[PDB]
Amino acid sequence: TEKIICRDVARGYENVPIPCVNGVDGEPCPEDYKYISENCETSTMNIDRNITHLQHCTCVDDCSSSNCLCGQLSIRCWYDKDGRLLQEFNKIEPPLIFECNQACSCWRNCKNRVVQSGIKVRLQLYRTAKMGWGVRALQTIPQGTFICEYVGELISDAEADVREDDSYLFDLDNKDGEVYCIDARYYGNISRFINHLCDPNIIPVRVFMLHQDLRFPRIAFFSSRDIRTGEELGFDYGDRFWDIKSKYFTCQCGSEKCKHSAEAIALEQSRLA
Amino acid sequence: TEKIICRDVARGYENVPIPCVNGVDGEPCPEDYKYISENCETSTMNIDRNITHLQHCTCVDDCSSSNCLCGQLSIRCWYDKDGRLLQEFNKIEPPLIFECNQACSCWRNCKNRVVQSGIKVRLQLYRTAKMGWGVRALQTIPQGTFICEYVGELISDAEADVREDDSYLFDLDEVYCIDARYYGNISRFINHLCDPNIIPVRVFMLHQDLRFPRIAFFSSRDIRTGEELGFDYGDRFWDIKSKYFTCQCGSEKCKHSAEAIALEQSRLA
Ligand SMILES: C[S@@+](CC[C@H](N)C(=O)[O-])C[C@H]1O[C@@H](n2cnc3c(N)ncnc32)[C@H](O)[C@@H]1O
Ligand SMILES: C[S@@+](CC[C@H](N)C(=O)[O-])C[C@H]1O[C@@H](n2cnc3c(N)ncnc32)[C@H](O)[C@@H]1O
Ligand SMILES: CNc1cc(C)nc(Nc2ccc(OC)c(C3=CCNCCC3)c2)n1
Ligand SMILES: CNc1cc(C)nc(Nc2ccc(OC)c(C3=CCNCCC3)c2)n1
Ligand SMILES: [Zn+2]
Ligand SMILES: [Zn+2]
Ligand SMILES: [Zn+2]
Ligand SMILES: [Zn+2]
Ligand SMILES: [Zn+2]
Ligand SMILES: [Zn+2]
Ligand SMILES: [Zn+2]
Ligand SMILES: [Zn+2]
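Chains as they are written, first to last, in the deposited numbering: chain A, 918 to 1190; chain B, 918 to 1090, 1095 to 1190.
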């Protein structure tokens, strides 16, 4: 039987509480980590926070025009009037998003500040059947809605390379130079509990807000389709993760489209010869 | 004969709107600065944002216990149940206040997060009689209430020493400064009073880089509606600006007026 174990795993560090339940086994509100709502550093990253380096807009409306420079650096501004991704949004090739910032002319409440406004939808940390902890929606979520940000600790590839647990890494794809990661292992928000789905229902988008240091995009998940209450959430972890993790365990998403089940895995070894 | 010029000079960045009114002359909503709710940088200040260098507490309560480490770092926690300073607060030389942080065990709603929770009282930017713009209250403000932070651009004393205008400099105790000239919030418009109803306090929140305390204003006594806010700018400012102009605070205790500046000029010779 199900029961509210933690009333709010975010200790009210979010716009809404995110409670945790377990109706599958006897594991408690996990506490092998620290909840944070915003990214953190351990080493010196020296994010460029130079207010003059900020590409801003001069809009004096609600930034709903196409003349918003902030909403040009991403071709179009990709948010509708209700702060959803355009139905025509490039869901496979997600461009960089530059939200309005503190150098802009617009008001804090313009139409180009979705991600920076924090979680809005009601989420729940819950015990899955076969994947441990997972996240699910306690409400329908229209396609294109912002769910939550992938928050954790900022580290270099050289740091990631030598960390015991690689279970909670997230790659920040940068065109040039050195590469960086978010490790949600020791520090993280709700999103650290999102599982991999072979048939995903959210997508990550690299976003820029209070700063535009291309080394460190913030990662925001939006719903790639309508989501029915109670439905588990999950993005595609991609092959990097699976190539490493397969020999240790097997996908359990269950989707017939499953590309990483013990069955589909062995089918390709069988297809080999 | 008073007009409302900006609905909110903070462009909706504060918890509340801060409107501007002019009942004196024909000067409009000031617009030769950028309004920001949080301190900004131009050049790198290399603040220490390392979460492990954060001294945290491990309370499970609302941090009311005398056992909250954060509280102790400040001698004790100086906030009452409603977030106001204690009547027994050192108003002359106030201690640094370490608020709870993101590494603390406590909840975001604990008793030790006043300043980080933003402006609560209703303020208004208005045109004074002889002091240009000023900030006044729209409500009574109980003593020890948190008002606003002095927000601006962090600069070294080397940088400050060669800034054209030194009118929006606020000093921290390596020397660094907040210059609210090109970037600032409502506090950039608080005038100087010889009878100051607010005091600065150095605070730490998301980080504990001691070079960079954030500056919070609290009422030093009760404040009636309409009453103008103002803090003693200190003698550094006046020993510079005296020869340029003189204090118009209007106080009977005023110590920088034309009268006073001449009274001590001759009270000597
Ligand atoms: C970032 S964590 C997600 C939260 C995790 N379920 C937990 O309870 O901590 C990812 C780890 O959860 C498990 N996991 C996530 N998605 C899975 C999936 N689709 N199938 C099987 N295990 C999965 C694996 O142990 C994986 O290394
Ligand atoms: C930090 S600004 C205060 C905002 C200023 N009233 C304005 O209109 O922008 C400080 C400047 O305001 C004026 N000022 C502030 N306090 C004053 C006082 N007590 N008497 C006269 N002028 C004052 C002087 O021009 C001073 O250099
Ligand atoms: C270990 N060193 C590095 C270095 C870099 C640049 N990226 C990564 N990324 C990485 C590696 C392994 C992973 O799983 C085994 C993952 C993922 C972890 C779970 N979160 C979803 C993304 C895949 C990411 N790791
Ligand atoms: C110009 N260079 C420097 C360097 C340093 C370390 N401090 C300062 N502080 C300073 C100088 C002049 C001031 O007024 C003329 C002020 C003040 C400005 C207005 N705000 C009230 C505090 C006094 C501060 N200035
Ligand atoms: Zn705009
Ligand atoms: Zn903008
Ligand atoms: Zn905008
Ligand atoms: Zn699968
Ligand atoms: Zn505490
Ligand atoms: Zn604390
Ligand atoms: Zn606390
Ligand atoms: Zn005076």
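Quick reminder that beta carbons are idealized off the backbone N, C-alpha and C, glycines included.
(message) ligand 1 and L1089(A): does any heavy atom of the ligand fall closer than 7 angstroms to the residue's C-beta?
(response) no
(message) Tell me the rounded alpha-carbon separation between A1077(B) and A1020(A).
(response) 22 angstroms
(request) Could you run through the segment 1089–1111 of chain A and flag, in chain order, every residue whose CB is less than 8 angstroms away from some CB of chain B? (result) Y1104
(request) Report the three-state DSSP secondary structure of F1006(A) (helix, strand or coil). (result) coil
(request) Could you pull out every residue in the same chain whose Cβ sits closer than 8 angstroms to the Cβ of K920(A), ignoring the five residues on either side in sequence? (result) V938, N939, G940
(message) Using a 10 Å radius around the Cβ and a threshold of 16 neighbouring Cβ atoms, would you call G1155(A) buried or exposed?
(response) exposed
(request) Could you list which residues in chain A have their beta carbon closer than 8 angstroms to that of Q1019(B), in chain order? (result) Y930, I953, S954, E955, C957
(message) Could you check if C946(B) belongs to the surroundings of ligand 11, using beta carbon to heavy atom distance under 7 angstroms?
(response) no
(message) Residues around ligand 1, please: the ones whose beta-carbon is closer than 5 angstroms to some heavy atom of it, in chain order.
(response) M1048(A), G1049(A), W1050(A), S1084(A), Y1085(A), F1110(A), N1112(A), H1113(A), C1168(A), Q1169(A), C1170(A)
(request) Just the chain B side, please: which residues come within less than 7 angstroms of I1072(A) by C-beta, in chain order? (result) Near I1072(A) there are no residues of chain B at all, since even the closest Cβ is about 12 angstroms away, more than 7 angstroms.
(request) Please work out which residues of its chain come closer than 6 angstroms, Cβ to Cβ, to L1071(A), disregarding the five sequence neighbours upstream and downstream, and give them in chain order. (result) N956, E958, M962
(request) Entirely within the segment 918–975 of chain B and at least 3 residues each: give me those beta strand (DSSP E) ranges in chain order. (result) 920–923, 937–939
(message) Does the distance between the C-beta of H970(B) and the nearest non-hydrogen atom of ligand 8 fall short of 7 angstroms?
(response) no
(request) Measure the Cβ-Cβ separation of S1140(A) and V1068(A) and say whether it is below 8 angstroms. (result) no
(message) Can you determine whether any heavy atom of ligand 2 sits closer than 7 angstroms to the C-beta of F1152(B), and answer yes or no?
(response) no
(request) Please classify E1005(A): is it buried, with 16 or more other beta-carbons within 10 angstroms of its beta-carbon, or exposed? (result) exposed
(request) Spatial neighbours of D1153(B) within its chain, please: CB distance less than 6 angstroms, with the 5 preceding and 5 following residues excluded, ordered by chain position. (result) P1117
(request) Would you tell me roughly how many angstroms separate the C-alpha atoms of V1096(B) and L971(B), rounded to the nearest one? (result) 22 angstroms
(request) On a CA-only basis, which of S982(B), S981(B), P1012(B), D979(B) is nearest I992(B)? Give me that one, please. (result) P1012(B)
(message) Are the CB atoms of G1061(B) and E1149(B) within a distance shorter than 8 angstroms?
(response) no
(message) Taking beta-carbon pairs under 7 angstroms, can you tell me which members of the segment 969–981 of chain A lie near chain B?
(response) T969
(message) Do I968(A) and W995(A) have their beta-carbon atoms positioned less than 8 angstroms apart in this structure?
(response) no
(request) Closer than 8 angstroms by beta-carbon distance: list the chain A residues that pair up with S960(B), in chain order. (result) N967
(message) Measuring only the C-alpha atoms, how far is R1044(A) from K1008(B)?
(response) 52 angstroms
(request) Just the C-alpha distance for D979(A) and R928(B), rounded to the nearest angstrom, thanks. (result) 11 angstroms
(message) Rounding to the nearest angstrom, what Cα-Cα distance links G1147(B) and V1038(A) in this structure?
(response) 41 angstroms
(message) Can you confirm whether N984(B), when its beta carbon is compared against all beta carbons of chain A, has any partner nearer than 8 angstroms?
(response) no
(request) Kindly provide the ranges of any beta strand (DSSP E) runs that are 3 or more residues long and lie completely inside the segment 1033–1077 of chain B, ordered along the chain. (result) 1040–1044, 1050–1054, 1063–1066, 1070–1073
(request) Assign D1090(B) to one of three DSSP states: helix, strand, or coil. (result) coil
(request) Give the range of the alpha helix (DSSP H) segment to which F1158(A) is assigned. (result) 1156–1162
(request) Counting only the same chain and skipping the five closest in sequence on each side, list residues whose C-beta sits under 8 angstroms from that of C1115(A). (result) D1153, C1168, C1170, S1172, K1174, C1175, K1176, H1177, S1178
(request) Inspect the beta-carbon positions of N1018(B) and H973(B) and report whether they are closer than 8 angstroms. (result) yes
(request) State yes or no: is the C-beta of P1059(B) within less than 8 angstroms of the C-beta of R1123(B)? (result) no
(message) With a threshold of 8 angstroms between beta carbons, is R1188(A) in contact with chain B?
(response) no
(request) Run through the segment 1113–1171 of chain A for me and flag every whole alpha helix (DSSP H) of 4 or more residues, listed as ranges in chain order. (result) 1156–1162
(request) Show which residues of chain A have a CB atom less than 8 angstroms away from the CB atom of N963(B). (result) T961, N963
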